[PDB]
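Student: File upload23.txt below, compact mmCIF, C-alpha atoms:
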# COMPACT_ATOMS: atom_id res chain seq x y z
CA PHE A 554 -55.18 -36.76 295.44
CA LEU A 555 -52.25 -37.21 293.05
CA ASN A 556 -54.67 -38.01 290.13
CA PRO A 557 -55.22 -34.22 289.52
CA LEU A 558 -52.02 -34.93 287.59
CA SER A 559 -51.84 -38.23 285.64
CA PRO A 560 -49.54 -40.87 287.25
CA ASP A 561 -47.82 -41.48 283.88
CA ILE A 562 -46.07 -38.19 284.74
CA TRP A 563 -44.82 -38.51 288.38
CA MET A 564 -41.99 -40.65 286.92
CA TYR A 565 -41.14 -37.96 284.31
CA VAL A 566 -40.96 -35.53 287.25
CA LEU A 567 -38.04 -37.69 288.41
CA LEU A 568 -36.29 -38.28 285.03
CA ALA A 569 -35.68 -34.61 284.29
CA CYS A 570 -34.85 -33.91 287.96
CA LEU A 571 -32.21 -36.64 287.51
CA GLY A 572 -31.03 -35.46 284.03
CA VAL A 573 -30.32 -31.94 285.26
CA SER A 574 -28.83 -33.09 288.61
CA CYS A 575 -26.33 -35.48 286.92
CA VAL A 576 -24.44 -32.45 285.40
CA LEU A 577 -22.58 -31.98 288.71
CA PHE A 578 -20.95 -35.38 287.93
CA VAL A 579 -19.84 -33.79 284.51
CA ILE A 580 -18.29 -30.89 286.33
CA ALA A 581 -16.40 -33.17 288.78
CA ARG A 582 -15.85 -36.44 286.83
CA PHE A 583 -16.85 -37.87 283.39
CA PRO A 627 -17.95 -18.15 280.05
CA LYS A 628 -18.99 -17.28 283.63
CA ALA A 629 -21.87 -19.36 285.01
CA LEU A 630 -23.96 -19.35 281.77
CA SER A 631 -23.78 -23.18 281.69
CA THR A 632 -26.10 -23.33 284.74
CA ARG A 633 -27.86 -19.95 284.26
CA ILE A 634 -29.51 -21.36 281.12
CA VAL A 635 -30.32 -24.76 282.73
CA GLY A 636 -31.78 -23.44 285.99
CA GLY A 637 -33.77 -20.78 284.14
CA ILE A 638 -35.25 -23.17 281.57
CA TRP A 639 -35.70 -25.71 284.40
CA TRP A 640 -37.41 -23.12 286.63
CA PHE A 641 -39.62 -21.91 283.78
CA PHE A 642 -40.38 -25.58 282.97
CA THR A 643 -41.25 -26.63 286.55
CA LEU A 644 -43.22 -23.38 286.88
CA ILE A 645 -45.45 -24.86 284.15
CA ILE A 646 -45.99 -28.22 285.97
CA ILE A 647 -47.33 -26.33 289.01
CA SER A 648 -49.78 -24.27 286.90
CA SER A 649 -50.70 -27.40 284.93
CA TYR A 650 -51.37 -29.05 288.30
CA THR A 651 -53.18 -26.02 289.86
CA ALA A 652 -55.49 -25.53 286.90
CA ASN A 653 -56.10 -29.31 286.47
CA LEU A 654 -56.97 -29.45 290.20
CA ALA A 655 -59.27 -26.36 289.95
CA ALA A 656 -60.77 -27.87 286.80
CA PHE A 657 -61.72 -30.91 288.89
CA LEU A 658 -62.72 -29.00 292.08
CA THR A 659 -65.10 -26.52 290.34
CA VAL A 660 -66.76 -29.50 288.57
CA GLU A 661 -67.22 -31.22 291.98
CA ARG A 662 -69.25 -28.17 293.13
CA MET A 663 -71.95 -28.61 290.45
CA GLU A 664 -73.88 -31.54 291.97
CA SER A 669 -85.93 -31.84 295.44
CA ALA A 670 -88.41 -33.45 293.08
CA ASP A 671 -87.13 -31.04 290.45
CA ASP A 672 -83.58 -32.35 290.75
CA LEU A 673 -85.01 -35.83 290.18
CA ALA A 674 -87.34 -34.67 287.42
CA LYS A 675 -84.77 -32.85 285.28
CA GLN A 676 -82.52 -35.92 285.08
CA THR A 677 -82.60 -39.64 284.29
CA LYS A 678 -79.69 -41.51 285.91
CA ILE A 679 -81.46 -41.84 289.24
CA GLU A 680 -84.55 -44.03 288.97
CA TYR A 681 -87.50 -42.94 291.12
CA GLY A 682 -90.98 -44.24 291.77
CA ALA A 683 -93.77 -45.11 294.19
CA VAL A 684 -95.85 -48.00 295.54
CA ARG A 685 -98.19 -49.45 292.91
CA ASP A 686 -101.85 -48.49 293.39
CA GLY A 687 -101.27 -46.26 296.39
CA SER A 688 -102.30 -42.64 296.88
CA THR A 689 -98.78 -41.45 296.01
CA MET A 690 -98.83 -43.18 292.63
CA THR A 691 -102.32 -41.76 292.01
CA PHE A 692 -101.09 -38.26 292.97
CA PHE A 693 -98.49 -38.28 290.22
CA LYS A 694 -100.80 -39.98 287.74
CA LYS A 695 -103.41 -37.23 288.21
CA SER A 696 -101.11 -34.23 288.78
CA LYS A 697 -101.51 -31.40 286.32
CA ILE A 698 -98.33 -29.69 287.54
CA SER A 699 -95.60 -29.87 284.88
CA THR A 700 -92.74 -31.31 286.97
CA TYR A 701 -94.92 -33.99 288.67
CA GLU A 702 -96.50 -34.66 285.30
CA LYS A 703 -92.97 -35.03 283.89
CA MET A 704 -92.16 -37.45 286.71
CA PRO B 627 -24.04 -30.70 297.12
CA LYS B 628 -22.94 -28.74 300.19
CA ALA B 629 -25.28 -29.30 303.17
CA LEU B 630 -26.94 -32.33 301.45
CA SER B 631 -29.06 -33.63 304.37
CA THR B 632 -30.75 -30.30 305.12
CA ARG B 633 -31.29 -29.42 301.44
CA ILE B 634 -32.69 -32.84 300.34
CA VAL B 635 -35.29 -32.60 303.13
CA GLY B 636 -35.72 -28.91 302.10
CA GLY B 637 -37.38 -30.23 298.93
CA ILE B 638 -39.92 -32.12 301.11
CA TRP B 639 -40.63 -28.71 302.62
CA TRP B 640 -40.59 -26.59 299.42
CA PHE B 641 -42.36 -29.18 297.23
CA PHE B 642 -44.58 -30.03 300.23
CA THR B 643 -45.80 -26.42 300.72
CA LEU B 644 -46.24 -26.28 296.93
CA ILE B 645 -48.96 -28.95 297.33
CA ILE B 646 -50.72 -26.74 299.93
CA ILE B 647 -50.48 -23.45 297.93
CA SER B 648 -51.62 -25.17 294.70
CA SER B 649 -54.47 -26.86 296.64
CA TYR B 650 -55.34 -23.51 298.25
CA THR B 651 -55.56 -21.71 294.86
CA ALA B 652 -57.74 -24.42 293.34
CA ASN B 653 -60.07 -24.70 296.39
CA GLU C 817 -51.16 -34.96 275.68
CA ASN C 818 -50.80 -31.19 276.40
CA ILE C 819 -48.89 -32.70 279.33
CA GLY C 820 -46.02 -33.49 276.93
CA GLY C 821 -45.91 -30.21 274.96
CA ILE C 822 -43.18 -28.79 277.20
CA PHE C 823 -41.32 -32.05 277.87
CA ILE C 824 -39.61 -31.15 274.59
CA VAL C 825 -38.79 -27.56 275.80
CA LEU C 826 -37.45 -29.28 278.89
CA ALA C 827 -35.39 -31.51 276.55
CA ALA C 828 -34.30 -28.41 274.58
CA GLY C 829 -32.33 -26.68 277.38
CA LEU C 830 -30.64 -29.93 278.40
CA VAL C 831 -28.65 -30.33 275.17
CA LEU C 832 -28.24 -26.54 274.92
CA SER C 833 -25.97 -26.69 278.02
CA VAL C 834 -23.76 -29.48 276.60
CA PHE C 835 -22.59 -27.30 273.67
CA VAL C 836 -21.71 -24.27 275.92
CA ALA C 837 -18.15 -25.03 277.03
CA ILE C 838 -17.06 -28.32 275.42
Can you turn what I pasted into structure tokens?

Tutor:
Amino acid sequence: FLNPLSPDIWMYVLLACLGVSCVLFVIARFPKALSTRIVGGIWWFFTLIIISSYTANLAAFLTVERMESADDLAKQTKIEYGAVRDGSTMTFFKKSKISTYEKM
Amino acid sequence: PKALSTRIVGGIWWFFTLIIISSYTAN
Amino acid sequence: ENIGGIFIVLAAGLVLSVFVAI
């Protein structure tokens, strides 16, 4: 469930959340409110990208996982398919003049 | 931060509901 | 990849605050 965003990144979620939060320890130890008006606005506009990056990357996976008869078997090759040797079913396909069964 | 305990859990509401609304949009 | 394109814009506003008042 978290793999809709690469796990190389859930740590970098923290690092910047730390690097902004540490400024309150600059204020206390180590214009008006422009100092934090720039940070919180760039931060908001930044974290507002991570959500859209996540939402689209999730939708990009979820739409793809909504794309998956004899035709379905016929028009592909990953799934092997067959019949009992020298039985009426094998003969049916061997003698079928219908395209798809002929393909199979 | 003033009211630390309520606010730090407030992220595990705000970021939590973010997971739902993002999941909702994608689904 | 495109993941990291805005980690620099993130890192842009961080140093931009340091040179505001001191």

Student: Where does chain C meet chain A within 8 Å, residue by residue, with the nearest atom pair and distance in Å to one decimal for each, counting only C-alpha atoms, listed by chain and rising number, as CSV?

Tutor:
residue,atom,partner,partner_atom,distance
C:819,CA,A:649,CA,7.9
C:822,CA,A:642,CA,7.2
C:825,CA,A:642,CA,7.6
C:826,CA,A:642,CA,6.2
C:829,CA,A:635,CA,6.0
C:830,CA,A:635,CA,6.8
C:833,CA,A:631,CA,5.5
C:836,CA,A:631,CA,6.2
C:837,CA,A:627,CA,7.5

Student: Once you count only C-alpha atoms, which residues of chain A turn out to be within 9 Å of chain B? Could you give them as a PyMOL selection string?

Tutor: chain A and resi 577+647-648+650-659

Student: What are the centre and edge lengths in Å, to one decimal, of the axis-aligned box around all listed atoms of region 639-653 of chain B with 6 Å added on each side, as JSON?

Tutor:
{"center_x": -50.3, "center_y": -25.9, "center_z": 298.0, "size_x": 31.5, "size_y": 20.3, "size_z": 21.3}

Student: Report, in Å with one decimal, the straight-line distance from CA of residue 821 (chain C) to CA of residue 556 (chain A).

Tutor: 19.2 Å

Student: What's the separation between CA of residue 832 (chain C) and CA of residue 629 (chain A), in Å to one decimal place?

Tutor: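 We find that CA of residue 832 (chain C) and CA of residue 629 (chain A) lie 13.9 Å from each other.
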
Student: Could you state the separation of CA of residue 692 (chain A) and CA of residue 674 (chain A) in Å, given to one decimal place?

Tutor: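 Distance reported for this atom pair: 15.3 Å.
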